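Let's start with one chain on its own, the form deposited in one PDB entry, as structure tokens.
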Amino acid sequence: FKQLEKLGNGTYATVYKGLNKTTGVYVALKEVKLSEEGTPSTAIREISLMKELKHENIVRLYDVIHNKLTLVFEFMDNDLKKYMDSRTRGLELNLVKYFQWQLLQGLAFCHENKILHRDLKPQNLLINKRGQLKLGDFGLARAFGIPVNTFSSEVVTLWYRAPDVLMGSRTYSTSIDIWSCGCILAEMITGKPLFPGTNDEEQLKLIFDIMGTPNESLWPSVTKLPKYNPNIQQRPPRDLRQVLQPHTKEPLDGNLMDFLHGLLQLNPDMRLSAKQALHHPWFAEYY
């Protein structure tokens, strides 16, 4: 491999674009800093799970190269966040549907192998020159088929985080990823993020200003959440159509809307499953 351009960054890794020396195949070399922490736990987790996730909608890990450690990922051109910036405005609805198809397809695979991504956002939704969408960066992901005690992790933005997770929940299941999907969706539809919060407190408030405050009645589990407040000013849910429609060039049909509500229930158990999502009347014409 011969590196030929840096692409992004973090405190964990420095990512470059390179080339295979047999097939002309372009690759993304992800150099992981290799230390009192030994072999970055984040790598052990990524490398580990990637080997376990082969799908046409999950970025592939080709190999590992060993005082450093380079993760060789299948090179992807840009990402949902970067792809949208290029327009300026939300994407046209036939393209909005297809992208949401691809994301749910790859995630439905994760969830089937009992693995949560945990941090889905448009940067993590990479898109090749050929219009394919693939989930990437499984640093914060876990094989939840291994019943270990769950603690959440510090993330750079909270705009895609489930309200219950933000309320300190440590028994969340596969439903954490479905919330992010409903936010990814609204974003693609409108252009702007659905819950552009600044912090733990604001994000929750911003969810409740639209989704309504939690319905203790049809969600009794919420009273057990560590960051739960019984003395919140109760809010009626604002109907999503009058929030999105003003900022989407095309009319929002009923199907699209039922689908969207199905993803953005407050109560995890009311949240649609990835499998169930892919058989919603909204995706009928794909069959």
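Residue indices: 1-based, along the sequence shown. Think of the rigid core as the biggest set of C-alphas that the two forms share within 1.5 Å after superposition.
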| query | finding |
| --- | --- |
| Other entries modelling both neighbours but not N215, at least a third | no |
| Other entries omitting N199, at least a third | no |
| Where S217 meets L218 in the shown sequence, the number of deposited residues left unmodelled | none |
| Unmodelled stretch of the deposited sequence separating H66 from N67, binned as none, 1 to 3, 4 to 9 or 10 or more | 1 to 3 |
| Between 50-58 and 236-244 (mean CA B-factor, as deposited), the higher | 236-244 |
| Stretch with the greater mean C-alpha B-factor as recorded in the entry, comparing 176-184 against 72-80 | 72-80 |
| Highest recorded Cα temperature factor - choice among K121, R87, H117, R161 | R87 |
| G254 - Cα temperature factor, lowest/middle/highest third of chain | highest |
| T42 by Cα B-factor - lowest, middle or highest third of the modelled chain | middle |
| CA B-factor placement of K21, once the chain's modelled residues are sorted into thirds | highest |
| Third assignment of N9 from its chain's C-alpha B-factors | highest |
| Third of chain Cα B-factors occupied by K129 | highest |
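FYI, the form deposited in another entry isn't displayed, but the following is about it.
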| property | result |
| --- | --- |
| Moved residue between this form and the one not shown - picked from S153, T198, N113, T171, where its Cα shifts 2 angstroms or more relative to the rigid core | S153 |
| Core-aligned C-alpha movement of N9 between this form and the one not shown, 2 Å or more | yes |
| Shift in CA distance, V156 and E112, in that other deposited form relative to the form shown here, given it is 3 Å or more | closer |
| Distance direction in that other deposited form for the C-alpha atoms of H111 and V156, relative to the displayed form (3 angstroms or more) | closer |
